[PDB]
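Here is the structure we will look at.
Just so you know, these numbers use all the heavy atoms, side chains as well, and skip hydrogens, waters and symmetry mates. In what follows, residues are counted from 1 in the order of the sequence shown.
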Amino acid sequence: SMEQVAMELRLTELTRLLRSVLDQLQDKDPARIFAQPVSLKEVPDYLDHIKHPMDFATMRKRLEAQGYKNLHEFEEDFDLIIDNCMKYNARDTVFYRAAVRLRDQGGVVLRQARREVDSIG
């Protein structure tokens, strides 16, 4: 159907905008603390602590399979990255502090992304 295609064009455009958001968010992590999944070889107990792990490479695979239907779903995943980190790591660690800074800096980017998704439809 022509409607299915139009729907697919919007998803593709959302995917384009989310890719740009993702790039901008990831620049706020120049240490690459959140680039890749936590290693279960190096943190064998991790899944006893964190039930839904997340990281920027895993978000990127979802993104490129057009697996985010809306900004809300994308934000859920970004928030997992931050929230998981702030639970597993103590307040006085480079990891926790890096999550706080990513959260604070990402807020600005996400605030405008929401306006652009609403605005462009």
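- The two residues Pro37 and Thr58 have their closest heavy-atom pair at CG-OG1, 4.2 Å.
- Between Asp45 and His49 the shortest side-chain heavy-atom distance falls below 4.5 Å.
- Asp23 has no carboxylate O lying under 4.0 Å from a charged side-chain N of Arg19, or vice versa, which leaves the two without a salt bridge.
- Residues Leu47 and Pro53 share a closest heavy-atom pair of CD2-CG, 3.6 Å.
- Between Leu11 and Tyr68, every side-chain heavy-atom pair lies at or beyond the 4.5 Å cut-off.
- Taken to the nearest 0.5 Å, the CD atom of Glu75 stands 9.5 Å off from the CG atom of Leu18.
- Residues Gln26 and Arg60 have side chains in contact (heavy-atom distance under 4.5 Å, counting atoms from C-beta outward).
- In terms of heavy atoms, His72 sits closest to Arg114 at N-NH2, 4.1 Å.
- Side chain to side chain, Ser20 and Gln24 meet the donor-acceptor criterion of an N or O pair below 3.5 Å.
- In this structure, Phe74 and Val117 have side chains that are not in contact, with every pair of non-hydrogen atoms separated by 4.5 Å or more.
- Counting only distance, with no hydrogens or angles, the side chain of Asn89 and the backbone of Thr93 share no donor-acceptor pair below 3.5 Å.
- With sequence neighbours left out, the salt bridge (charged side-chain N to carboxylate O under 4.0 Å, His left out) criterion links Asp77 to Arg62.
- Residues forming a ring-ring contact (aromatic ring centres under 6.0 Å, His included) with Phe78 (at least two apart in sequence, or on another chain): none.
- Taking all atoms of both residues into account, the shortest heavy-atom contact from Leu110 to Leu25 is CD2-CD1, 4.4 Å.
- Contact between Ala99 and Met86 at its shortest, heavy atoms only, is CB-CG, 3.9 Å.
- Closest of all the heavy-atom pairs between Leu63 and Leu22 is CD2-CD2, 3.8 Å.
- Considering only heavy atoms from C-beta on, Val43 comes within 4.5 Å of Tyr88 through its side chain.
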Exercise for the section: Begin from the C-alpha positions of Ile81 and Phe34 and carry the test side chain to side chain contact (heavy atoms under 4.5 Å, CB included) through to its verdict. Expected result: CA-CA 7 Å; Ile81 293 173; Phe34 309 104; 3.4 Å; yes
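- Listed by first then second residue, pairs satisfying salt bridge (charged side-chain N to carboxylate O under 4.0 Å, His left out) with a partner in residues 86-109 number zero, not counting sequence neighbours.
- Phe95 CZ: 12 or fewer foreign heavy atoms inside a 6.0 Å radius.
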